[PDB]
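Undergrad: Opening piece of a complex, kept in its complex position:
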Amino acid sequence: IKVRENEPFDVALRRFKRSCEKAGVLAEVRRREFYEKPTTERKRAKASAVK
Amino acid sequence: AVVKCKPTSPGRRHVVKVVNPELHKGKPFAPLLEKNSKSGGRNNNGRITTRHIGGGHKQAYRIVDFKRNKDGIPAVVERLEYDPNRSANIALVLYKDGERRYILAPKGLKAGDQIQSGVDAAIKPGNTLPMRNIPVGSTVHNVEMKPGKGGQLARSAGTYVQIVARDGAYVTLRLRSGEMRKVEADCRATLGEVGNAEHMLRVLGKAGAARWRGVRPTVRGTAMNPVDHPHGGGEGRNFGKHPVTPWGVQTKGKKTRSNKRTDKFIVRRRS
Amino acid sequence: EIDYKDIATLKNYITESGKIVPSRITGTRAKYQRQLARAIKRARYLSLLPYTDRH
Amino acid sequence: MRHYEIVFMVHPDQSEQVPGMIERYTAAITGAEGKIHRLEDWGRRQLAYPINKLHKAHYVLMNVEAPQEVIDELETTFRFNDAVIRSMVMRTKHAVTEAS
Amino acid sequence: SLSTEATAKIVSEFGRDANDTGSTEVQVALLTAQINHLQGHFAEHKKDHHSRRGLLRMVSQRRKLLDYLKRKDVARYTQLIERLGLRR
């Protein structure tokens, strides 16, 4: 979660949060408890991941 | 165990009893009994001061130990008994030095059960000890309000008081009312909750049951003439007035606490 | 993997913010990913590892 | 008589009462003719997260074979004792003796 | 299920010898032992509806074997249910 750097620093370059929290994990927990749509969203996500 | 009576003869149709097989079927312990003469609701002037009281069954008073002074001596619960003067049951207990006393019976307490009053008592239900030694957030009954005086809070059946704070020489207590009250922390209190909760589930069923607990009828105010009650009179049913006591003071809302002496000790009124 | 007290091994199999890493990344055949995760959780109870990096 | 692995943290300020406790606990095991296989005192070790804040605490690993009743009263001993925070007793996984 | 020492004891009591562990009296007695032990378990719990399904498999299977042994040798049947205290 943290970053620090010594005096050679210019830019933020914190892409630790395109790794874990920001993009998916908080936008997922904005909306409803189903049990049902996730079983089919994961079903078609794993059925789309195919060659 | 609550039991609906079978509806033979109306009068029994709606009765719910609270039977207890663990109460002592027999005579109470005699040298802790004394005469309790019934008053009728009437003061030393003869006048009815509290209305609706009178008749009912003959009762003998049972000296219940609310103080719990025998500190450090253990006591085994000899039995549980029916007390007519209270909602709760009383446990007759036997100290190790051969002294019997009646205490209010807490919730889990059966016959053959060790209780122990005093500072170094174990924290388990039935043990009376000062509230600077009880943990915060514990259900506690038979609470003293002044140290040494006797228990006066949470005595009626199924009733507890939660200790919520220990700020200094005082403990903040959530009374069963919902009221937050400060009590001095040297005041003893008995652990657990007092134990006949199902008392509130009984339904009495007929008019004579109320009569035999000593509760005379209540004539309602609007059925009277104007000379009797402020509600009075009127050619069929006629209310038209703001509801009052029989002495003209507003019922239905009007707050009647005036103390100013114990307002220091009230952290929050009930709601 | 079988053990949870070896927190060097467990600390390899965890991310920088306390989260268990998927077997899609680290190899780790599924039996040992299950033993692994269950050992990580037993270690987080004992405060050998952290639950997160914002305690 | 089955196997158990007991660990428990101790409050750091009562660290000097640690080996005494150990003895008593081990004594309780020998009250039931159960045997104790390893025993480790891991020292005051830094906690990964604060608990009542209280950082660095004193860990004791035990690994005892015993009947389940003395393990149960050992658990209640860990309940009431204010010294010990976070016990954990586990599975058989038949008797171990090694380090980590 | 049942202890190894318990199963060995029942095989030793009901079989022709040890290693005769599939005979009809032996299977019936092992099922009986487990049925009674789980009477103790299901007096408590009472909402372990999954374990009970295993128990009713034990009851039904015991019943099938008693029916077999009844229509093969009735003397073994009467000695068996006499010894196990079943049939009520």
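TA: Nice, I can see it. Residues are numbered from 1 along each chain as shown, chains lettered A, B, ... in the order given.
Undergrad: neighbouring contacts of stretch B:192-199?
TA: B:1-2, B:18, B:20, B:87-89, B:104-109, B:125-126, B:139-142, B:154-160 (C-beta atoms under 8 Å, 6 or more residues apart in numbering or on different chains). C-beta coordinates here come from the backbone N, C-alpha and C atoms, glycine included.
Undergrad: which of these count as buried?
TA: B:18, B:87-89, B:104-107, B:109, B:125-126, B:139-142, B:154-160 (16 or more other C-beta atoms under 10 Å in any protein chain shown).
Undergrad: Pick out the residue of chain C closest to chain A.
TA: Minimum separation of chain C from chain A (C-beta to the nearest C-beta) falls at residue C:53, amounting to 5.0 Å.
Undergrad: now swap in chain E and tell me
TA: Relative to chain A, the nearest point of chain E is residue E:50 (21.5 Å; C-beta to the nearest C-beta).
Undergrad: For that residue, give me phi and psi.
TA: Taking degrees, to the nearest 10, you get phi -80, psi -50 for the backbone angles of residue E:50.
Undergrad: Just to be sure, residue C:10 is in a strand?
TA: No. Counting by DSSP: H, G, I helix; E, B strand; the rest coil, residue C:10 is not part of a strand but helix.
Undergrad: list the contacts for the residue most central in space within chain C?
TA: The centroid of chain C falls nearest to residue C:40 when counting by C-alpha atoms, centre = their mean (3.6 Å). Listed by C-beta under 8 Å, 6+ apart, the contact partners of residue C:40 are C:4, C:10, C:13, C:14, C:20, C:49.
Undergrad: so how many other residues sit close to the closest residue to residue D:98 other than its chain neighbours?
TA: Excluding the flanking residues, the one nearest residue D:98 by C-beta to C-beta, 6 or more residues apart in numbering or on different chains is residue D:38, at 7.5 Å. By other C-beta atoms under 10 Å in any protein chain shown, 14 other residues sit near residue D:38.
Undergrad: my read: residue D:38 touches residue D:97, true?
TA: Yes. The pair residue D:38 / residue D:97 is scored as a contact, 5.1 Å apart, by C-beta atoms under 8 Å.
Undergrad: put chain F on too:
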Amino acid sequence: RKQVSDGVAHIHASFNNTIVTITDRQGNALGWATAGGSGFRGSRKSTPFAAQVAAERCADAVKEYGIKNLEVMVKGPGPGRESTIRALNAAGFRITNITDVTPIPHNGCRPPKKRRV
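TA: Time to bring in chain F:
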């Protein structure tokens, strides 16, 4: 006044508004500025521009403290946050740490239903 010389910039980016609070290392706030309090009410208070002018305006109003070092703590998602920390090192601050402190439940409370728009 009181001359703290190190603080923390808690930026609270949400979808509708970013709110920047500059405090000390004890956690006592020294001065705040929201994107909605900088003009541009409405669809324009959730933009990176509004967040950066919110952060410029929060860099002002803590001149009374002489803050030179600060950590950055970032909550929530939002069109803000990234631009926000940029505005902070466009205001002479030595930006030391950038932590992201978004609250993530470990499957806690049930989130609300919504949005059949």
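Undergrad: And the residue nearest to the centre of chain C, how far from residue F:45?
TA: To residue F:45, residue C:40 is 42 Å away according to C-beta to C-beta, to the nearest Å.
Undergrad: thinking residue B:159 is in contact with residue B:142, fair?
TA: No. With contact defined as C-beta under 8 Å, residue B:159 does not reach residue B:142; the gap is 9.6 Å.
Undergrad: For the residue of chain E at minimum distance from chain D, give its distance to residue B:96.
TA: Among the residues of chain E, residue E:3 lies closest to chain D, at 12.7 Å counting by C-beta to the nearest C-beta. Separation of residue E:3 from residue B:96 (C-beta to C-beta): 45 Å.
Undergrad: One more: residue F:111?
TA: On the measure of C-beta to C-beta, residue F:111 and residue B:96 end up 60 Å apart.
Undergrad: How about residue B:211?
TA: Separation of residue B:211 from residue B:96 (C-beta to C-beta) stands at 45 Å.
Undergrad: For stretch B:40-47, what is the distance to the chain centroid?
TA: Here the centre of stretch B:40-47 is set off from its chain's centre by 23 Å, with C-alpha atoms, centre = their mean, to the nearest Å.
Undergrad: And for that stretch, what's in contact with it?
TA: Outside stretch B:40-47, the residues that touch it by C-beta under 8 Å, 6+ apart are B:48, B:49, B:50, B:51, B:52, B:53, B:54.
Undergrad: Ends of that stretch, what's the gap?
TA: Length of stretch B:40-47, first residue to last, C-alpha to C-alpha, to the nearest Å: 10 Å.
Undergrad: Residue B:153 touches residue B:146, doesn't it?
TA: No. If you go by C-beta under 8 Å, residue B:153 and residue B:146 don't touch, sitting 11.4 Å apart.
Undergrad: Name the residue in the two with the higher neighbour count.
TA: Applying other C-beta under 10 Å to residue B:153 and residue B:146 shows that residue B:153 carries more neighbours, namely 22 against 11.
Undergrad: wait, what's in contact with the closest residue to that one other than its chain neighbours?
TA: Nearest residue to residue B:153, sequence neighbours excluded (C-beta to C-beta, 6+ apart): residue B:143, at 3.9 Å. Contacts for residue B:143 (C-beta under 8 Å, 6+ apart) come out as B:131, B:151, B:152, B:153, B:154, B:161, B:173, B:183, B:187, B:189.
Undergrad: Let's add RNA strand G too:
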RNA sequence: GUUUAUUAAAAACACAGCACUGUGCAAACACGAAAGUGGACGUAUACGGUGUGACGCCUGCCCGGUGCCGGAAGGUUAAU
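TA: Once RNA strand G is put in with the chains from before, the structure reads:
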């Protein structure tokens, strides 16, 4: 069940049950120039007041008026 002893026994009163409200104990409340007493040797699962009146299905909308509860900013406001 009770009631107009002596023209009214009833659909009226009562009632169990329900609800609202007051009451933290030196309780509210009542009798009492006061002391005191009843409430109660009870303690909110208790006690007082008010309405409705077993049980079953239910109890809709209105807070502008009158009351009550709460608020404290401003206006007005006694003795001094």
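Undergrad: how near is the residue nearest to residue B:65 when sequence neighbours are not counted to RNA strand G?
TA: Using C-beta to C-beta, 6+ apart and skipping residues adjacent in sequence, the residue nearest residue B:65 is residue B:101, 4.5 Å away. Note on residue B:101: its distance to RNA strand G, by C-beta to the nearest atom of the strand, to the nearest Å, is 14 Å.
Undergrad: Look up how far residue B:221 lies from residue B:101.
TA: Taken as C-beta to C-beta, the span from residue B:101 to residue B:221 is 45 Å.
Undergrad: what does chain F put close to chain C?
TA: F:99, F:101, F:106 (C-beta under 8 Å from any C-beta of the partner chain).
Undergrad: Which single residue of chain B ends up nearest chain F?
TA: residue B:137 (22.8 Å).
Undergrad: List the contacts of the residue in chain F that RNA strand G sits nearest to.
TA: Here chain F gets closest to RNA strand G at one residue, residue F:113, 24.5 Å apart by C-beta to the nearest atom of the strand. Residues counted as contacts of residue F:113 (C-beta under 8 Å, 6+ apart) are A:31, A:32.
Undergrad: returning to what we had before: wait, the residue of chain B closest to chain F sits on residue B:161?
TA: No. Under the criterion of C-beta under 8 Å, residue B:137 is not in contact with residue B:161, lying 11.8 Å apart.
Undergrad: Could you check which of the two is surrounded by more residues?
TA: residue B:161 (24 against 10).
Undergrad: Quick check: phi and psi on the more buried one?
TA: Dihedral angles (degrees, to the nearest 10) for residue B:161: phi -140, psi 130.
Undergrad: separation between the residue most central in space within chain A and residue B:155?
TA: The centre of chain A sits closest to residue A:24, judged by C-alpha atoms, centre = their mean, with a distance of 3.2 Å. Taken as C-beta to C-beta, the spacing of residue A:24 relative to residue B:155 amounts to 58 Å.
Undergrad: do residue A:5 as well
TA: 68 Å.
Undergrad: Could you check what's spatially nearest to residue B:72, not counting adjacent residues?
TA: Using C-beta to C-beta, 6+ apart and skipping the chain neighbours, the partner closest in space to residue B:72 is residue B:118 (4.4 Å).
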